[PDB]
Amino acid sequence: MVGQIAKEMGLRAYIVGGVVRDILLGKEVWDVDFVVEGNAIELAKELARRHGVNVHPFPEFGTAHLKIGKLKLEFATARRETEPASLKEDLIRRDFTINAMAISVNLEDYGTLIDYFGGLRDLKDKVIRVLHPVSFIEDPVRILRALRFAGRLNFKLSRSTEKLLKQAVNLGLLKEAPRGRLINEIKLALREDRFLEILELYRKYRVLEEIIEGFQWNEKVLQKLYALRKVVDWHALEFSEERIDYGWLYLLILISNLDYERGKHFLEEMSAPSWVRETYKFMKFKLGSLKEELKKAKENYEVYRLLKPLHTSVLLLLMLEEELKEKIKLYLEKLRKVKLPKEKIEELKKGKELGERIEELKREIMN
């Protein structure tokens, strides 16, 4: 219908950017971005009115948003900056070549890939490539993005792009950029499954030292990150129904040896989940004594006592220890499995004494 409405209005609309990339990468997404030559707002309004759905105009931005089923559609007028702008002009202002392509929805040429800068080739050769030298200078946030992309798609930075990147951070543009954009970029990054690789690019190009204050790289933290990777693998393998957000753990490991002030400040800027702040504040002090307690553990019931109150995160942190690993595993796939029949429980009930008694019975079963 889009090419039809566009036909009627004498306009040209195209699918654009990341979406196109994801399409070419065989990834399906519910968020599609259109670029219209001519008024995009009217296109969106007509579309929404024909499908009979609510529409959300933004006349100052020149863009509109509408949802059809699970599809999320964003229409945007072609512009030359961040006279009518040509498609080519709207594409030239984007970050990397793999993000620089477009696909016509117009009825006559429909299905035709439009590639000006050779984004198809770079996608073909697995290349993260900036459109112009000045790129990272314009938007320093791209610095992270490139890395992020290179991590997820497992692409490589072109020599041009790499040189310009190193030069971009060397000029300290990372500190000058808006804190919010950067922080959000990182928040995106940690949600990747390949986020570890991204951290590797982060360490390689030394961007973390600029954004975080007091952060430095060493071997212990790195090995901790890999051990965390393995633990995450196993946990997300057998216990996968119990999954939580893993990237925050890697973040915690990164900020572990940091001062608590800059740590709480960082988690504050990062708007981390409550369980993340809890796990961090618990890790900063109590964790040592907890480990020392788990070392003194003999009976299984004491282990149950020191463990069960804690969240999954803390346990995943305890799996870092070689000595504690089999113990925590034993706690997970074994130590908690149990129930009690009717008559017995009825006799157990014959206040808090019911709970205490049940605990006495459980510790009677364990040891």
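Residues carry their position along the shown sequence, with the first being 1. Between two forms, the rigid core is defined as the largest C-alpha subset superposing within 1.5 Å.
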Consider 295-303 and 316-324 separately and indicate which one has Cα atoms farther, on average, from the shown form in 6 other deposited structures of this protein after rigid core alignment. 295-303
C-alpha RMS from this form in 6 other deposited structures of this protein, rigid core superposed: larger for 213-221 or 256-264? 256-264
Other entries lacking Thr97, at least a third: no
Does a third or more of the other compared entries skip modelling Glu83? yes
Can you tell me how many deposited residues have no coordinates between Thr82 and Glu83? The categories are none, 1 to 3, 4 to 9, and 10 or more. 10 or more
Should the segment between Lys344 and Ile345 be described as having none, 1 to 3, 4 to 9, or 10 or more unmodelled residues of the deposited sequence? none
Which has the higher mean CA temperature factor in the PDB entry, 32-40 or 310-318? 310-318
Tell me which stretch has the larger mean Cα B-factor in this entry, 263-271 or 200-208. 263-271
For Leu287, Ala100, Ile103, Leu147, the deposited C-alpha B-factor is largest at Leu287
Options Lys295, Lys126, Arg179, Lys230 - largest CA temperature factor per the record: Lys295
If you rank the chain by CA B-factor, which third does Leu354 end up in: lowest, middle or highest? highest
Classify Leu190 as lowest, middle or highest third according to the C-alpha B-factor given in the PDB entry, relative to its own chain. middle
Where does the C-alpha B-factor of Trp248 rank in its chain, lowest, middle or highest third? middle
Split into thirds by Cα B-factor across the chain's modelled residues, where does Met9 land: lowest, middle or highest? middle
Where does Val53 sit by CA temperature factor within its chain: lowest, middle or highest third? middle
